[PDB]
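One structure is given below, encoded as structure tokens.
Just so it is clear: chains get the letters A, B, ... in the order the sequence lines come, proteins before strands, and each one is counted from 1.
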Amino acid sequence: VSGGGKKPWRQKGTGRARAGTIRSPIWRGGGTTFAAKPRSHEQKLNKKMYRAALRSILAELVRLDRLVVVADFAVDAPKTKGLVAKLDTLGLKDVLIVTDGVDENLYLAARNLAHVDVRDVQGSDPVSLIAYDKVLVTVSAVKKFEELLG
Amino acid sequence: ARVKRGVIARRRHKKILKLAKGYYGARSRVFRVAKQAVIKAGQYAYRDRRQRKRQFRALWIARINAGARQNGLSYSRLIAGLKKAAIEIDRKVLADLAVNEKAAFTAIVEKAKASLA
RNA sequence: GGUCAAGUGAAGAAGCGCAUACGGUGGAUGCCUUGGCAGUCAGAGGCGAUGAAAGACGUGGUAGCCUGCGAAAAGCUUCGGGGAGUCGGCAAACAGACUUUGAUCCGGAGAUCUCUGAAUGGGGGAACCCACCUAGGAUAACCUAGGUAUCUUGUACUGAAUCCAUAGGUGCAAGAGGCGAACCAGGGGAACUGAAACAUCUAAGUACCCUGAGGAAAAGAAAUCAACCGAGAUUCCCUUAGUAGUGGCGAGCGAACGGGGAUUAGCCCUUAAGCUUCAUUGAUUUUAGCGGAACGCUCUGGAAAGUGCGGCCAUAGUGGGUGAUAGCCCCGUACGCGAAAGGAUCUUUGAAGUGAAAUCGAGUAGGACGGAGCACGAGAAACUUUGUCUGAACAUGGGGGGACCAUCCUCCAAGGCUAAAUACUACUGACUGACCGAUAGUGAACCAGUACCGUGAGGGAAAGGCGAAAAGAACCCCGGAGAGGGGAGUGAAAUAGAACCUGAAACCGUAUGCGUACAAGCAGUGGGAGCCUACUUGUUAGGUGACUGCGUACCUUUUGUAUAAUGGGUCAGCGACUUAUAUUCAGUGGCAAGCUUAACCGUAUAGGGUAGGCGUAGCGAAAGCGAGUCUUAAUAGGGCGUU
RNA sequence: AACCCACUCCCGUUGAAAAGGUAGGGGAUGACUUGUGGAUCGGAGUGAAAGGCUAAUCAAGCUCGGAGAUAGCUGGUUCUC
RNA sequence: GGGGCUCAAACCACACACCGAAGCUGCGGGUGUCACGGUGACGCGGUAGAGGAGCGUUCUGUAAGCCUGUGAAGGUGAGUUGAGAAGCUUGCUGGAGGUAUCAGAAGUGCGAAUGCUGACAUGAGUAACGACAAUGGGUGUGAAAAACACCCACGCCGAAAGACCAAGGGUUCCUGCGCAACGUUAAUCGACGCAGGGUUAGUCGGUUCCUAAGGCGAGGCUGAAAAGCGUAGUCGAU
RNA sequence: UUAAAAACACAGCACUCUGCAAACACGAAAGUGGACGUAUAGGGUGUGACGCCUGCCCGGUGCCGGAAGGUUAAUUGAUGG
RNA sequence: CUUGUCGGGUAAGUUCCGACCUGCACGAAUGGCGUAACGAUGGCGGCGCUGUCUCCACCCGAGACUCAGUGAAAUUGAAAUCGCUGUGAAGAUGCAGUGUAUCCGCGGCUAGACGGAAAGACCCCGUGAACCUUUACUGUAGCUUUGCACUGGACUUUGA
RNA sequence: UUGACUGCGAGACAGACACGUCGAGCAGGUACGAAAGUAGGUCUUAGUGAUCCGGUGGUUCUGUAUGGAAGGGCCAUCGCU
Ligand SMILES: [Mg+2]
Ligand SMILES: [Mg+2]
Ligand SMILES: [Mg+2]
Ligand SMILES: [Mg+2]
Ligand SMILES: [Mg+2]
Ligand SMILES: [Mg+2]
Ligand SMILES: [Mg+2]
Ligand SMILES: [Mg+2]
Ligand SMILES: [Mg+2]
Ligand SMILES: [Mg+2]
Ligand SMILES: [Mg+2]
Ligand SMILES: [Mg+2]
Ligand SMILES: [Mg+2]
Ligand SMILES: [Mg+2]
Ligand SMILES: [Mg+2]
Ligand SMILES: [Mg+2]
Ligand SMILES: [Mg+2]
Ligand SMILES: [Mg+2]
Ligand SMILES: [Mg+2]
Ligand SMILES: [Mg+2]
Ligand SMILES: [Mg+2]
Ligand SMILES: [Mg+2]
Ligand SMILES: [Mg+2]
Ligand SMILES: [Mg+2]
Ligand SMILES: [Mg+2]
Ligand SMILES: [Mg+2]
Ligand SMILES: [Mg+2]
Ligand SMILES: [Mg+2]
Ligand SMILES: [Mg+2]
Ligand SMILES: [Mg+2]
Ligand SMILES: [Mg+2]
Ligand SMILES: [Mg+2]
Ligand SMILES: [Mg+2]
Ligand SMILES: [Mg+2]
Ligand SMILES: [Mg+2]
Ligand SMILES: [Mg+2]
Ligand SMILES: [Mg+2]
Ligand SMILES: [Mg+2]
Ligand SMILES: [Mg+2]
Ligand SMILES: [Mg+2]
Ligand SMILES: [Mg+2]
Ligand SMILES: [Mg+2]
Ligand SMILES: [Mg+2]
Ligand SMILES: [Mg+2]
Ligand SMILES: [Mg+2]
Ligand SMILES: [Mg+2]
Ligand SMILES: [Mg+2]
Ligand SMILES: [Mg+2]
Ligand SMILES: [Mg+2]
Ligand SMILES: [Mg+2]
Ligand SMILES: [Mg+2]
Ligand SMILES: [Mg+2]
Ligand SMILES: [Mg+2]
Ligand SMILES: [Mg+2]
Ligand SMILES: [Mg+2]
Ligand SMILES: [Mg+2]
Ligand SMILES: [Mg+2]
Ligand SMILES: [Mg+2]
Ligand SMILES: [Mg+2]
Ligand SMILES: [Mg+2]
Ligand SMILES: [Mg+2]
Ligand SMILES: [Mg+2]
Ligand SMILES: [Mg+2]
Ligand SMILES: [Mg+2]
Ligand SMILES: [Mg+2]
Ligand SMILES: [Mg+2]
Ligand SMILES: [Mg+2]
Ligand SMILES: [Mg+2]
Ligand SMILES: [Mg+2]
Ligand SMILES: [Mg+2]
Ligand SMILES: [Mg+2]
Ligand SMILES: [Mg+2]
Ligand SMILES: [Mg+2]
Ligand SMILES: [Mg+2]
Ligand SMILES: [Mg+2]
Ligand SMILES: [Mg+2]
Ligand SMILES: [Mg+2]
Ligand SMILES: [Mg+2]
Ligand SMILES: [Mg+2]
Ligand SMILES: [Mg+2]
Ligand SMILES: [Mg+2]
Ligand SMILES: [Mg+2]
Ligand SMILES: [Mg+2]
Ligand SMILES: [Mg+2]
Ligand SMILES: [Mg+2]
Ligand SMILES: [Mg+2]
Ligand SMILES: [Mg+2]
Ligand SMILES: [Mg+2]
Ligand SMILES: [Mg+2]
Ligand SMILES: [Mg+2]
Ligand SMILES: [Mg+2]
Ligand SMILES: [Mg+2]
Ligand SMILES: [Mg+2]
Ligand SMILES: [Mg+2]
Ligand SMILES: [Mg+2]
Ligand SMILES: [Mg+2]
Ligand SMILES: [Mg+2]
Ligand SMILES: [Mg+2]
Ligand SMILES: [Mg+2]
Ligand SMILES: [Mg+2]
Ligand SMILES: [Mg+2]
Ligand SMILES: [Mg+2]
Ligand SMILES: [Mg+2]
Ligand SMILES: [Mg+2]
Ligand SMILES: [Mg+2]
Ligand SMILES: [Mg+2]
Ligand SMILES: [Mg+2]
Ligand SMILES: [Mg+2]
Ligand SMILES: [Mg+2]
Ligand SMILES: [Mg+2]
Ligand SMILES: [Mg+2]
Ligand SMILES: [Mg+2]
Ligand SMILES: [Mg+2]
Ligand SMILES: [Mg+2]
Ligand SMILES: [Mg+2]
Ligand SMILES: [Mg+2]
Ligand SMILES: [Mg+2]
Ligand SMILES: [Mg+2]
Ligand SMILES: [Mg+2]
Ligand SMILES: [Mg+2]
Ligand SMILES: [Mg+2]
Ligand SMILES: [Mg+2]
Ligand SMILES: [Mg+2]
Ligand SMILES: [Mg+2]
Ligand SMILES: [Mg+2]
Ligand SMILES: [Mg+2]
Ligand SMILES: [Mg+2]
Ligand SMILES: [Mg+2]
Ligand SMILES: [Mg+2]
Ligand SMILES: [Mg+2]
Ligand SMILES: [Mg+2]
Ligand SMILES: [Mg+2]
Ligand SMILES: [Mg+2]
Ligand SMILES: [Mg+2]
Ligand SMILES: [Mg+2]
Ligand SMILES: [Mg+2]
Ligand SMILES: [Mg+2]
Ligand SMILES: [Mg+2]
Ligand SMILES: [Mg+2]
Ligand SMILES: [Mg+2]
Ligand SMILES: [Mg+2]
Ligand SMILES: [Mg+2]
Ligand SMILES: [Mg+2]
Ligand SMILES: [Mg+2]
Ligand SMILES: [Mg+2]
Ligand SMILES: [Mg+2]
Ligand SMILES: [Mg+2]
Ligand SMILES: [Mg+2]
Ligand SMILES: [Mg+2]
Ligand SMILES: [Mg+2]
Ligand SMILES: [Mg+2]
Ligand SMILES: [Mg+2]
Ligand SMILES: [Mg+2]
Ligand SMILES: [Mg+2]
Ligand SMILES: [Mg+2]
Ligand SMILES: [Mg+2]
Ligand SMILES: [Mg+2]
Ligand SMILES: [Mg+2]
Ligand SMILES: [Mg+2]
Ligand SMILES: [Mg+2]
Ligand SMILES: [Mg+2]
Ligand SMILES: [Mg+2]
Ligand SMILES: [Mg+2]
Ligand SMILES: [Mg+2]
Ligand SMILES: [Mg+2]
Ligand SMILES: [Mg+2]
Ligand SMILES: [Mg+2]
Ligand SMILES: [Mg+2]
Ligand SMILES: [Mg+2]
Ligand SMILES: [Mg+2]
Ligand SMILES: [Mg+2]
Ligand SMILES: [Mg+2]
Ligand SMILES: [Mg+2]
Ligand SMILES: [Mg+2]
Ligand SMILES: [Mg+2]
Ligand SMILES: [Mg+2]
Ligand SMILES: [Mg+2]
């Protein structure tokens, strides 16, 4: 904190409490006692200890009847209206779409759509699979989960 | 996440100053004096729940003495004669009959006196 | 019904206490934000004698101060954009004007550019004083435009002691000078502190001062390591490893070999890569802009974006603000377009210079004395460097492999140039935040490095909020043609009235109820009459508390405090166990005789990367041997270890 | 006498004044007093020498840095069971 | 301890009764450990200190959710619920935001540090109002005159308490209009606020000419660097 | 800015150093002061007008002179291992 | 030791002046003993003079006091803030017993509130700090000795 | 005559640690006695100083490319009012 070099008053004789600098943590405009610096809140999670949670999450979606499996999922030309109609046939509003590869047409649509996300098998994190009300996977994406998760 | 103390601190001083209602001078309107006054008041209250039981028994015994000597007996002899015969009435009830039911008190003193104690 | 005597004793408060209700002061709290802080991704990394950074004075219709400009002075000329208002802000009014024949406004280029300041014609107390020379023009007591610092390099003329020529002297050309937060390479170089004292040592080659250069710098192509197998310039990151060493062998300091990565590159002294500047081949960016989809009815309301019903757009749906909460009201957003003219980068292919030291390295390698550097403090002390003094050989030669010798191995010093990977941000742009929200965040949200303080260097504040919209209160009355009020008006709301959101506490008042003038002390607590209020009309609620039992504050420090031991006038706000990296134990999980990655790649929290670390075997100082091993003459005994 | 000084008493001590005032007192042509301009300074200056003075600060000035020096010493350390 | 006490209310023996604690018992609750499968028995003073379990505050996810102009946060009363930190419901004020639940992160809880900043008390309407030269009337103006202006009359200085240069200051100078603040009281007055005006040189003082102490100093000599000294010279009045 | 004195200075006295590029002092050095002086001068030290005087000790420590002899540095490198 | 002893001065003299010598512990340029003049210098004694005093009295101005105006300060845990004798962190307004006493100002005085002011300066402690001294330790500026370098010729003496 | 022996050592006493005290018995070699046997100093309890550093005698250890050496390790032992 700027300033605060010399003693405000002398050590003895003035009848005031001892001071050494005007920028002391006790004073009004002084510094912070344990002032923060930028740092990283990064933890370590084992490779196998992360894959066991994916296995546990995926097993709970099947038990809770949130996982929906379909034979391929694609759209022609990027149109939010076109993707909205196709999800209504499956009866899904707040859905996470998982595919083996995110097509450009499917990515452009559903980008502005509110409660819909399109992801990848290796892009699907623990948080998203718990957050959305349904998870819609394709057959190719299922055969890829068993490869990565054993 | 900086936390400000304004709302919680004020809500905590007002709790103490509400218990200091009716005290004199600074004991009811500044927190430093009122906090000490509320603690001392609670200290007296715990102690004086013990003393209330002592002060009332000393008052029942004094009244039974006054009413027994009107019938011709002292307190220490009346208690010895009540134990001797069978009677196990409280001192609180005995002091109530001395003031209100004076005829019933006489019959108890006469019953205790027949036990020659 | 009188008189006397005795007994008893309501009301009457100068002022105080408690409770309640209204005020005043005061500025907390809540909400808010034009201000800050920390990152990420880019930019471009300098400005200056063509006069800088920093300023003084001036400049407008009207006074001051900020912001722009510079006697051509809130501007002049040109291109390019657009498309209707404009004459900058505090900060308003009154005036004068400007223009769809294209203005204010934005961008490129040009012109002007006072005085001070490296300040450079000479001096000076910065913003002042005094000049000389050349050319042109006026006749009076000048004007206009150019020149006149110093040093270095080059060149021309010239010329002392002194004969020749040297020093020296003038005239021209080119360059330099000063400023800047950090990064880089060098010169000089502390102390507090730690070692629980202190000298060697540490702190530390840090702080600080000084000198050069660049957008990066430095270093760089083996007289290098290895170990009889090989590697292959420099720089940076992760390990080896807190190990080998070093050390009043104290406190401490601290490698390398060997591996895993980022980057990829070498070329010359029989003259080369490269670099710089001009001229041309193309590409791409930057300095401004243009288009940019989709909504109605109804209720409450001052005002719908909120309620209820029904729709539409989506490569655009958690943006900002519009009278309360908006994808479809506005500006934007995704996505497409766009440059007269400047800047920049990469690309051709031409010239010029440079690289450049000539010719393979001599006062050099080596040595002696005294110091520095190597993790290494003289130590068995190798290697580098040099202040003093010396001093080789010439490829059948020389240097290293940690005293030294022999044998082997590997290199060729005393001449040069080289990109990338790396460091930093005073400065510009965009995005982001389990950052702050006016005692916080920059000292600085507000005309802040200001006011103020100091001779000076220097130190260094306080101070935000009416309302949606000024609709900012016409008019009447009191008052000094006041200050301040009472009405009336505006507004949804003036106890939102300009010291204006909300408006707490300390502190100061007015009104009502009860208590208080024969009474002794931490002011309460237990019991308790009487009175007042309300209403459920008394086993109720609320306010007072006559009288009475008990009762010497809080914190700290102590064997011990009512202590006449410390601290506090009170209120409000702020104010003290944190973070990073290495570890040990416990709890709780994943894998399991195996577990786990670090740097770094990456589609970027996934996946790869198992170099490394720990475990599966110990004993011994070690060589070494191994379910054993050490001691020992000993398979004896004993120590440690083993199902 | 002016001017320079500061021996005594008293007042003042929250002062009219962070060193004064009223009464008295010493020198007063000299080793005098004084204006303007200048020179010497921090382990340094200056000193007819009191460790005096160097901007109300001197047994080592002020200011900014090392720097949040060190403090086996005092003080303080915030909700509940 | 006091009043008071003498065949005692003193002392010495014996006897019976009663009072007397938070001790023990009775009744109703809460908790720790152990045993058994909710009951039993046996505990529950406490500083330094160890162990266990919780409340509340700000931010992030849950949450493009839910609540809210038929009224959010905040402020101020009342009632009510827990063993506590505390929770909940409401009247008034306010006028736009808040965050159930379960998790995750902390600038996470003040009465003290002769603590820091602002506001306000007590002393107290008390000390003091700054040289003890000195004031008294009349008139005028004015909302209002002890203090302003004029007149009459007293006092004080006069080697100054009168005039004038220099330094220093910088509009304080004069006039018109004013009195909120400033003036240790009031003020119509003012060195105060607003607005105008006011400084005229061949001879006065500067500048220009010359030098003193001293400064700077081309070349120069010296020095790790910065730099020191100094010649020609050119600044510098007192 | 609580001590004005018996404290400091003083004229006079004495000792000692210095031959000039002086001793001495400030300066990493150039240089400057001493001094544009020259032993009747300059520096340091003590005493303190004037009068009468200033006694004994050279063992210690210092200073001056001597140089015979003992020890005695970098340097040198016989000899031995 | 000591107010030594003797003499003078006073009614009375631990001070003063003159001597004695038993100099705890004078002494000759850190000078010895004298000395005219001088000193806001130290000690003692007289004359004059007096409110210095016995012992104070009266008077005059400026405050103090009252009225009008303006308007501080240190201090402060909170106060419904008596005496005495005991007790007690050992000297009590606040504890115990007891005695006194209606409530509130103003002018005065300072006995107490271990009164206010300044984290005691005396004393001790800290493996604290400064500055000063020296034949404390370790260094070092300056001064000085010798070797080598800048640094040469000749003659002579002299050791290997 | 050399048991004031060499390697150990079951088990104890003391004790914060570092240290200290007693010791049967086994293996090697001994000395006295005819032999059973006794002898790991002295009737017992004081006569003592850690680590670092440096020196001396040994050593089937190590020894910075290799063979050696220097240096280091191990055992014994010297230098501290
Ligand atoms: Mg400072
Ligand atoms: Mg400092
Ligand atoms: Mg104090
Ligand atoms: Mg701050
Ligand atoms: Mg990974
Ligand atoms: Mg989406
Ligand atoms: Mg009450
Ligand atoms: Mg209250
Ligand atoms: Mg009455
Ligand atoms: Mg009252
Ligand atoms: Mg960058
Ligand atoms: Mg760049
Ligand atoms: Mg300006
Ligand atoms: Mg012009
Ligand atoms: Mg145009
Ligand atoms: Mg110039
Ligand atoms: Mg100049
Ligand atoms: Mg020029
Ligand atoms: Mg000039
Ligand atoms: Mg430069
Ligand atoms: Mg040191
Ligand atoms: Mg130390
Ligand atoms: Mg220490
Ligand atoms: Mg020390
Ligand atoms: Mg060091
Ligand atoms: Mg160096
Ligand atoms: Mg550059
Ligand atoms: Mg290089
Ligand atoms: Mg290398
Ligand atoms: Mg080979
Ligand atoms: Mg290479
Ligand atoms: Mg649009
Ligand atoms: Mg929005
Ligand atoms: Mg609103
Ligand atoms: Mg919107
Ligand atoms: Mg609409
Ligand atoms: Mg070569
Ligand atoms: Mg050469
Ligand atoms: Mg060499
Ligand atoms: Mg050497
Ligand atoms: Mg060395
Ligand atoms: Mg050593
Ligand atoms: Mg050499
Ligand atoms: Mg070499
Ligand atoms: Mg070698
Ligand atoms: Mg070797
Ligand atoms: Mg080379
Ligand atoms: Mg930026
Ligand atoms: Mg606020
Ligand atoms: Mg601020
Ligand atoms: Mg500030
Ligand atoms: Mg000033
Ligand atoms: Mg209306
Ligand atoms: Mg209101
Ligand atoms: Mg309002
Ligand atoms: Mg207010
Ligand atoms: Mg508002
Ligand atoms: Mg308000
Ligand atoms: Mg209030
Ligand atoms: Mg009142
Ligand atoms: Mg009343
Ligand atoms: Mg009475
Ligand atoms: Mg009464
Ligand atoms: Mg009383
Ligand atoms: Mg009661
Ligand atoms: Mg009641
Ligand atoms: Mg009561
Ligand atoms: Mg009571
Ligand atoms: Mg009591
Ligand atoms: Mg004590
Ligand atoms: Mg004590
Ligand atoms: Mg107390
Ligand atoms: Mg006690
Ligand atoms: Mg106390
Ligand atoms: Mg007291
Ligand atoms: Mg005390
Ligand atoms: Mg104390
Ligand atoms: Mg305390
Ligand atoms: Mg106090
Ligand atoms: Mg496990
Ligand atoms: Mg064994
Ligand atoms: Mg074992
Ligand atoms: Mg004068
Ligand atoms: Mg007098
Ligand atoms: Mg005088
Ligand atoms: Mg005089
Ligand atoms: Mg005289
Ligand atoms: Mg003079
Ligand atoms: Mg100077
Ligand atoms: Mg100093
Ligand atoms: Mg002294
Ligand atoms: Mg100063
Ligand atoms: Mg001073
Ligand atoms: Mg430090
Ligand atoms: Mg400190
Ligand atoms: Mg203390
Ligand atoms: Mg009983
Ligand atoms: Mg009981
Ligand atoms: Mg009990
Ligand atoms: Mg029970
Ligand atoms: Mg307990
Ligand atoms: Mg108990
Ligand atoms: Mg409401
Ligand atoms: Mg909030
Ligand atoms: Mg409430
Ligand atoms: Mg509310
Ligand atoms: Mg809002
Ligand atoms: Mg939440
Ligand atoms: Mg805190
Ligand atoms: Mg506290
Ligand atoms: Mg507080
Ligand atoms: Mg506390
Ligand atoms: Mg105080
Ligand atoms: Mg406080
Ligand atoms: Mg008052
Ligand atoms: Mg008073
Ligand atoms: Mg008074
Ligand atoms: Mg007065
Ligand atoms: Mg007066
Ligand atoms: Mg006065
Ligand atoms: Mg006056
Ligand atoms: Mg008049
Ligand atoms: Mg007057
Ligand atoms: Mg006169
Ligand atoms: Mg002037
Ligand atoms: Mg002035
Ligand atoms: Mg005037
Ligand atoms: Mg006027
Ligand atoms: Mg008035
Ligand atoms: Mg006034
Ligand atoms: Mg004026
Ligand atoms: Mg000159
Ligand atoms: Mg010069
Ligand atoms: Mg020069
Ligand atoms: Mg001149
Ligand atoms: Mg003159
Ligand atoms: Mg004098
Ligand atoms: Mg004096
Ligand atoms: Mg003196
Ligand atoms: Mg002499
Ligand atoms: Mg003398
Ligand atoms: Mg003398
Ligand atoms: Mg002699
Ligand atoms: Mg001698
Ligand atoms: Mg000699
Ligand atoms: Mg004597
Ligand atoms: Mg005598
Ligand atoms: Mg006598
Ligand atoms: Mg006398
Ligand atoms: Mg003599
Ligand atoms: Mg003497
Ligand atoms: Mg004499
Ligand atoms: Mg004199
Ligand atoms: Mg005399
Ligand atoms: Mg006399
Ligand atoms: Mg008055
Ligand atoms: Mg009283
Ligand atoms: Mg006592
Ligand atoms: Mg007492
Ligand atoms: Mg009490
Ligand atoms: Mg008492
Ligand atoms: Mg008691
Ligand atoms: Mg009084
Ligand atoms: Mg008095
Ligand atoms: Mg008093
Ligand atoms: Mg005191
Ligand atoms: Mg202190
Ligand atoms: Mg103290
Ligand atoms: Mg002392
Ligand atoms: Mg010691
Ligand atoms: Mg100690
Ligand atoms: Mg034992
Ligand atoms: Mg035999
Ligand atoms: Mg035998
Ligand atoms: Mg040692
Ligand atoms: Mg070898
Ligand atoms: Mg060896």
Side-chain angles (χ1 to χ4, degrees), chain A residues 1-3 5-6 11-39 41-54 77-81 83-84 102 104-105 107-109 111-115 120-127 130-131 148, chain B residues 1-15 17 21-33 35-37 39-47 49-52 54-59 61 74-81 83 117:
Chain A
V1 182
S2 80
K6 63 174 175 287
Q11 178 58 246
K12 310 185 73 75
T14 56
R16 294 205 65 176
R18 307 189 280 237
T21 183
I22 66 161
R23 317 253 89 130
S24 139
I26 300 184
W27 287 48
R28 206 172 73 80
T32 309
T33 311
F34 296 117
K37 297 311 157 210
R39 65 188 169 106
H41 315 81
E42 191 74 27
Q43 310 183 1
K44 162 154 198 262
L45 192 61
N46 296 358
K47 287 193 246 219
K48 298 181 183 175
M49 202 200 176
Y50 163 87
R51 288 171 207 146
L54 280 182
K79 290 299 279 165
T80 303
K81 176 150 190 83
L83 200 151
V84 161
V102 176
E104 185 82 10
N105 277 354
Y107 160 75
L108 279 184
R111 195 166 61 155
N112 216 51
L113 192 54
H115 297 117
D120 201 5
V121 170
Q122 293 179 356
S124 81
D125 62 358
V127 160
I130 295 173
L148 290 158
Chain B
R2 185 181 185 249
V3 173
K4 290 181 82 173
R5 302 196 255 140
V7 173
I8 288 308
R10 173 199 290 119
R11 188 269 299 164
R12 201 188 35 101
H13 292 300
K14 285 185 44 69
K15 206 163 290 267
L17 279 160
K21 206 163 288 310
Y23 296 174
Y24 171 86
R27 301 185 163 242
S28 46
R29 69 197 85 185
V30 308
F31 175 79
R32 274 187 210 238
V33 185
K35 177 184 190 267
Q36 289 167 198
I39 297 169
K40 178 63 72 69
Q43 264 195 303
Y44 283 145
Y46 175 91
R47 170 208 79 174
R49 279 196 288 277
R50 275 73 182 162
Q51 284 185 6
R52 181 198 306 133
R54 304 185 209 161
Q55 274 168 13
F56 269 108
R57 185 164 159 141
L59 180 69
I61 287 175
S74 66
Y75 169 88
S76 82
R77 303 259 293 147
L78 177 76
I79 295 307
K83 305 278 207 249

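- At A444(C), none of the side-chain N or O atoms of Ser2(A) fall inside 4.0 Å of OP1 or OP2 (strictly under the cut-off).
- A Watson-Crick or G-U wobble pair links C253(C) to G245(C), both relevant atom distances lying under 3.5 Å.
- Relative to the side chain of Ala80(B), the nucleotides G568(C), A79(G), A17(E) differ in distance, and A17(E) lies closest.
- With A86(E), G609(C), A334(C) as the candidates, the nucleotide lying closest to the side chain of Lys15(B) is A86(E).
- Listed nucleotides: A78(G), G459(C), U315(C). Nearest to the side chain of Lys6(A): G459(C).
- When the rule of centres under 5.5 Å and planes under 30° is applied to the neighbouring bases of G317(C) and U318(C), their six-membered rings do not qualify as stacked.
- In this entry the distance linking NZ of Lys40(B) with P of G94(G) reads 17 Å, nearest Å.
- Pairing check for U318(C) against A413(C): the Watson-Crick or wobble criterion is not satisfied at the 3.5 Å limit.
- The bases of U544(C) and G530(C) line up as a Watson-Crick or G-U pair, and both contact lengths stay under 3.5 Å.
- Between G437(C) and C6(G) there is no base pair of the Watson-Crick or G-U wobble kind with both of its two distances under 3.5 Å.
- With the cut-off at 3.5 Å for both distances, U539(C) forms no Watson-Crick or G-U wobble pair with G590(C).
- Here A119(E) sits opposite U570(C) as a true base pair, Watson-Crick or G-U wobble, both distances under 3.5 Å.
- When the nucleotides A78(G), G607(C), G549(C) are ranked by their closest atom to the side chain of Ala26(B), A78(G) comes out on top.
- South puckering is assigned to the sugar ring of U563(C), since its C1'-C2'-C3'-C4' angle is below zero.
- The bases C90(C) and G64(C) are paired, Watson-Crick or G-U wobble, with both atom distances under 3.5 Å.
- Using the sign of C1'-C2'-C3'-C4' as the criterion, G64(C) falls on the north side of the pucker cycle.
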Less than 3.5 Å apart, which donor and acceptor atoms pair up between the side chains of residues 12-26 of chain A and the rest of the protein, not counting sequence neighbours?
residue  : atom : partner  : partner atom : Å
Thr21(A) : OG1  : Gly4(A)  : O            : 2.6
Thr21(A) : OG1  : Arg23(A) : N            : 3.4
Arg23(A) : NH1  : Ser2(A)  : O            : 3.0
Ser24(A) : OG   : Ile26(A) : N            : 3.3

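- In this structure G41(H) sits in no base pair that meets the Watson-Crick or G-U test at under 3.5 Å.
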5' to 3', nucleotides 569-581 of chain C under a 4.0 Å protein heavy-atom cut-off (B base, S sugar-phosphate only, - none) gives -SSSSBBSSBSS-
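- The residue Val84(A) sits apart from the nucleic acid: no heavy atom pair falls under 4.0 Å.
- Judged by a 6.0 Å distance limit and a 45° cone about the ring axis, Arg50(B) is positioned over the six-membered ring of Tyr46(B).
- Nearest to the side chain of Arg50(B), among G609(C), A22(E), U318(C), sits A22(E).
- Between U40(C) and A351(C) there is no base pair of the Watson-Crick or G-U wobble kind with both donor-acceptor distances below 3.5 Å.
- Between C19(E) and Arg57(B), a contact under 4.0 Å exists linking OP1 or OP2 to a side-chain N or O.
- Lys14(B) comes within contact range of the sugar-phosphate backbone alone, with a heavy-atom separation under 4.0 Å but no base atom that close.
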Dot-bracket for RNA chain D, please, read 5' to 3', with Watson-Crick or G-U wobble pairs under 3.5 Å on both distances, ( ) within the strand, [ ] crossing, | other strand, . unpaired.
-> ..(((.((.((........)).)))))..............(.(((.....)))...)....................|||
